[PDB]
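What follows draws every value from the coordinates through simple rules; no lab data is involved. Virtual Cβ from ideal backbone geometry, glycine too; neighbours counted across all protein chains shown.
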Protein chains: 6
Amino acid sequence: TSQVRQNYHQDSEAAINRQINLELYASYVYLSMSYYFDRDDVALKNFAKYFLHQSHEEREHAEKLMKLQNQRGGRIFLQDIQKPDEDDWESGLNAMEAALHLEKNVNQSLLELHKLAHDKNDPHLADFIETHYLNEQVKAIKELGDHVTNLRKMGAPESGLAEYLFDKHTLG
Amino acid sequence: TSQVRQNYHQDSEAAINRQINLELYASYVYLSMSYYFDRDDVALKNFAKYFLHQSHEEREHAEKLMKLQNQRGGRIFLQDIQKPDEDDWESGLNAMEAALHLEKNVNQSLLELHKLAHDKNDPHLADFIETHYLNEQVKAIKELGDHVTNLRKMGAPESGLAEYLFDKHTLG
Amino acid sequence: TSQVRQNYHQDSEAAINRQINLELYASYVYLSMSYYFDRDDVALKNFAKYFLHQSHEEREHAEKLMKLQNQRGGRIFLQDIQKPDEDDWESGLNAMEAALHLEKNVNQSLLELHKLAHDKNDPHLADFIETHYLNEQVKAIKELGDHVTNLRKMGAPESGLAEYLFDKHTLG
Amino acid sequence: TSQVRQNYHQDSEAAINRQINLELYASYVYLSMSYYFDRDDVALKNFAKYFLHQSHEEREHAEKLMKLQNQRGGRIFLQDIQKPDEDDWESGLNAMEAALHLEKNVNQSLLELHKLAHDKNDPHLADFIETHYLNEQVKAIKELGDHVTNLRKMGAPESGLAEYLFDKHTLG
Amino acid sequence: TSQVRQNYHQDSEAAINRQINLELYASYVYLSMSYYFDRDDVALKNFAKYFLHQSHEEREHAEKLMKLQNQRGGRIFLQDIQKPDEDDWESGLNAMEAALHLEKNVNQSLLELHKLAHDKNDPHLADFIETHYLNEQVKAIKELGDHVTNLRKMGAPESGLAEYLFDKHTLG
Amino acid sequence: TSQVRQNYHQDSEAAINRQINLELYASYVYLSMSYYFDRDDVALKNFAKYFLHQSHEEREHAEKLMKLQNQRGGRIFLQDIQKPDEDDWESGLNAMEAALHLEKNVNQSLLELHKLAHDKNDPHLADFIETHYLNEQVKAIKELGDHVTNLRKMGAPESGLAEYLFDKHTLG
Ligand SMILES: [Ca+2]
Ligand SMILES: [Ca+2]
Ligand SMILES: [Ca+2]
Ligand SMILES: [Ca+2]
Ligand SMILES: [Ca+2]
Ligand SMILES: [Ca+2]
Ligand SMILES: [Ca+2]
Ligand SMILES: [Ca+2]
Ligand SMILES: [Ca+2]
Ligand SMILES: [Ca+2]
Ligand SMILES: [Ca+2]
Ligand SMILES: [Ca+2]
Ligand SMILES: [Ca+2]
Ligand SMILES: [Ca+2]
Ligand SMILES: [Co+2]
Ligand SMILES: [Co+2]
Ligand SMILES: [Co+2]
Ligand SMILES: [Co+2]
Ligand SMILES: [Co+2]
Ligand SMILES: [Co+2]
Ligand SMILES: [Co+2]
Ligand SMILES: [Co+2]
Ligand SMILES: [Co+2]
Ligand SMILES: [Co+2]
Ligand SMILES: [Co+2]
Ligand SMILES: [Co+2]
Ligand SMILES: [Co+2]
Ligand SMILES: [Co+2]
Ligand SMILES: [Co+2]
Ligand SMILES: [Co+2]
Ligand SMILES: [Co+2]
Ligand SMILES: [Co+2]
Ligand SMILES: [Co+2]
Ligand SMILES: [Co+2]
């Protein structure tokens, strides 16, 4: 056993490793969306910038869990990062909807992680999740919902003008 | 259902709306106390400033809960703001005692809100309450208790000199 | 009687207390509109900012009347602040129309207040209303009319693009 | 009963007083280690500085619990601060191991305190512990483990050169 | 024997260790007084600040003796720090009187230490005491006497107004 | 066909997608090495920093190829990022040797890519590889060889002192 390990259940350690993979997976999904909007036949560079920024932030989420794993004396076991479920994200509105779905999935995993930590009476892990992950997810989800709402109201994805104007005035 | 709503029980949504009303109500009570001390026959302008500042802070408390409600995809339903239980707050000491009683009442409502959130396994809401409301209430209550203690020890409310000197050296 | 009270009719004192309530009521209506536009399924953040600013200004209007009441030696009697007549304000254009209707109602109350002051030969109160309230209302009404006109001309509320572009270029 | 006391169980109050003593005790242990390394026949001044800094921080931990006790309307009852279990700490590596053991003991006491607070439904106290104590302990423990690991790998305590070089390059 | 030890009698070494304990004990007494005045039912925050500052200075006194012990090649042996003789210090005036009594007790111990050093012909130790401790004690005692005198003259402890005004104008 | 596509062979497009995956894979290998050195039982924080920096740079390498793919009108097809071939990298020296092996493997893939581009008479792609990738690889390989050489000469991995001193003076 690790000399630092204290009050850290094997189930929590394993769930942290799963969450690490999920954060890396979200990073990769966002990377894919980013460069979809960089295509010459899509050409929405603030959509591309927006999702590249999300990609880098998801990598930060993963690295902070990796630090946590070592902080608590657990051991990191990395798994493959699955490639995303689409190569072509169809439209700005469709991508924002896919991102919203993704962030809710990550949120559900964080909430189960918090439930596990509390069930094992690991208040340090529960507050780590509460402090660094839960409100970030709520804000992320709310922002994505706002974007989806505006794109739909503007007439996307039918209206190429809607996405162009959203790219310029909201994401730019 | 809201596209952002996740792990957010109908009971929590309703309790948030009640808390919104209570924060607006505290704001109004403090507004009333403020301008009581602005009367020409009371004339304690640092008591007036102190409670006006409390009034504005309580409005901030309310707006942050309103933001939370929308963040979680609940729906805000406002209710009347009841006028306070006094028009004339009698003295500086009496007002500070009324405020202490008020802040303990708001604190009890926040603690029941936290209990509800935990009972519904809503760690985001529980930590929101813990992070932004619980210690603010404890500090508020301790400060009011300190003020009450000093006013009593100085001889208030009998001693008009006591309240005047407290207004100058503590609240000014 | 108050030691400061001079040339201040009981009817004026009572009308000031009514106006205080109306200003607090306008503040609450604007607060409600603000957070309607903060909903994830409405998502017009400059509409939300615009009405939050109106809400804070209406609170200032109320506090200045409260100061006036004490300045003249009248006594403040607060009443409940009624909750607004809608929970859901439907659209940016509908909200601006509701605000226009509200500001005309507040203006009519101020004009009756001025008429009362003049009928009681209270030139200090009449000029207080003229100086701090009447032109502010005229400017408020003109601004709201301008906004309504532009929203209608742009195609609101049918056109979700109209409100989005107005939010960005006029209110942002 | 204290006029500020709310939702604060007698068991929590007593456990806070015990924790106060333990924080003061850790401060004293670190003070002792500090001046052991200041001996002319030990002479590791960055080890001495490192543990003096820990000593002062543990005193801060204690004072913040004392403030908390008064914030919640409990009453501070101080007990003797026991002198440490060694007068001579043998080596840099041995001291770091003793510190690691100490910080895990303080951590176990904080975790039992958190469990008590949650069992008494005192979310303010639980979040106080989570916010100000739990991650500080995890970081402290991880740092001490790192130091122990490097000292062992360098050949301490046999190798006087190892401790000297660690003192210079890690602690200096 | 220590390689640095020169002209340093075993009796002086032992008396230094006793003085170390007494300085740590004074620090703890002052810590206790400090947080007594932080109680919501005492609430004199400049009394609290004044004694917290004394507490930190007494810790400095102790650390400088610990440095001296090592400087002269003696060996530090720490003893328990006894908890103070009161939990409740009754009033500002009573605390200042207890502090005055304490500082005279520390002064008597320093004067016996100086007498011992001179009797063992240890001019370095005698001048260390003279230079760093004796005038500090005389100034401390004179200051405490001044405070006691003013509190008594103002009508403390009967007069809660006296202590409040002293806290504001002398200690603040 | 893409409206921008010119002189860009299907084989080059496919090889670019393979290289994208390899750069992402190198990034992940370095991420794994980084947090291996962050373990409490390894504890070489400049080794950890060194490989984290390599990880971020490899992600930049990948993103620049993704930009290139779109610049030339090819289409990005992402594949899984395989997890690295070790979970535990044994020692600083072993990790540096694994990195050296990795960078030579990436270099061999870049050289085959350049050969392909030249065989298809794609001078833009050949010079892209020459300009942004080939010398970076040569410098990377030379640096890793230097590090390996110094670690071996210092006595790593047997000598825990060697890796500690290298971490401090070369990587820090
Ligand atoms: Ca796969
Ligand atoms: Ca697929
Ligand atoms: Ca009513
Ligand atoms: Ca009533
Ligand atoms: Ca009503
Ligand atoms: Ca209605
Ligand atoms: Ca005029
Ligand atoms: Ca003992
Ligand atoms: Ca012993
Ligand atoms: Ca928390
Ligand atoms: Ca004892
Ligand atoms: Ca006793
Ligand atoms: Ca695989
Ligand atoms: Ca394998
Ligand atoms: Co464990
Ligand atoms: Co995100
Ligand atoms: Co994430
Ligand atoms: Co529970
Ligand atoms: Co739900
Ligand atoms: Co308050
Ligand atoms: Co509040
Ligand atoms: Co009159
Ligand atoms: Co207005
Ligand atoms: Co108004
Ligand atoms: Co209680
Ligand atoms: Co510590
Ligand atoms: Co501590
Ligand atoms: Co000697
Ligand atoms: Co002193
Ligand atoms: Co002293
Ligand atoms: Co071609
Ligand atoms: Co590289
Ligand atoms: Co590369
Ligand atoms: Co050729």
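Quick notes on this one:
- Label positions at residue F:6 and residue C:49, each projected 7 Å from the Cα along the C-beta direction, are separated by 4.4 nm.
- Average other protein chain Cβ within 10 Å of Cβ, residues B:52-65: 1
- Rh by Kirkwood over Cα pairs, then Stokes-Einstein D for chain F at 1.306 mPa s and 10 °C, µm²/s: 93 µm²/s
- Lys/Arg +1, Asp/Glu -1 at C-beta; the protein assembly as shown dipole; positive extreme among F:35, F:129, A:145: F:129
- Dipole of chain D [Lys/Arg +1, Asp/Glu -1 at C-beta], most positive-end residue of D:117, D:105, D:161: D:117
- For q = 0.23 Å⁻¹, Debye-computed log10 I/I(0) when each Cα of the stretch C:1-81 counts as one equal scatterer: -0.95
- C:141, A:20 arranged by Cβ crowding within 10 Å, fewest neighbours leading: C:141, A:20
- Summary for residue B:169: label point 7 Å along Cα→Cβ; distances to the equivalent points in the other copies, ascending, 0.7, 6.0, 6.0, 6.4, 6.5 nm.
- Once backbone amide H atoms are built at 1.01 Å from N, residue C:86 has no partners under 5 Å, excluding neighbours fewer than 5 places away on the same chain.
- Part-to-part distance (alpha-carbon centres) for the stretch D:104-172 and the stretch E:125-143, which is given in Å: 39 Å
- With its label point defined 7 Å out from Cα along the Cα-to-Cβ axis, residue D:49 lies at 1.8, 3.1, 4.5, 4.5, 4.8 nm from the matching points of the other copies, in increasing order.
- Label point distance in nm, residue B:136-residue C:158, each placed 7 Å from Cα along Cα→Cβ: 4.5 nm
- If you run the Gaussian network model on chain B, springs between alpha carbon atoms under 10 Å, then out of B:37, B:47, B:77 the most flexible one is B:77.
- Above-threshold pairs, the threshold being 26 Å between Cα atoms, out of A:49/C:45; A:49/B:64; D:49/F:168; A:49/D:142: A:49/B:64; A:49/D:142
- Neighbour-count ranking [beta-carbon atoms within 10 angstrom, fewest first] of F:143, C:60: C:60, F:143
- Using a Förster distance of 60 Å, the FRET efficiency for residue C:149-residue D:105 (Cβ separation, nearest 0.05): 0.25
- C-alpha long axis of helix A:160-169 to longest principal axis of chain A, angle in °: 60 degrees
- Debye, to nearest 20: dipole size of chain D, +1 on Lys, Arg Cβ, -1 on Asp, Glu Cβ: 580 debye
- Average silhouette area of the stretch F:76-172, convex hull of alpha-carbon atoms, in square nanometres: 8.1 nm²
- Helix-only mean residue ellipticity at 222 nm for chain B, each DSSP H run of n ≥ 4 adding -39500 (n - 2.57), per residue, nearest 500: -24000 deg cm²/dmol
- Summing Cβ point charges (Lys, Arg +1; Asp, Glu -1) relative to the Cα centre of the stretch D:22-64 gives a dipole of roughly 80 debye.
- Across peptide E:72-83, the average count of Cβ atoms from other chains found within 10 Å of a residue's Cβ is 5.
- Shielding by partners - mean other protein chain Cβ count within 10 Å, residues of D:131-142: 5
- Shortest-first distances to equivalent copies, position residue D:14, nm, label 7 Å out along Cβ: 4.0, 4.0, 4.1, 6.4, 7.7
- What the Cβ-Cβ distance of residue E:75 and residue D:82 gives, at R0 = 22 Å and to the nearest 0.05, is a FRET efficiency of 0.65.
- The ellipsoid equivalent to the alpha-carbon distribution of the protein assembly as shown has semi-axes of 54, 54, 21 angstrom, derived from the gyration tensor eigenvalues as √(5λ) and listed largest first.
- Identity and axial distance of the chain A residue whose Cβ lies nearest the axis relating A to C, Å: A:165, 5
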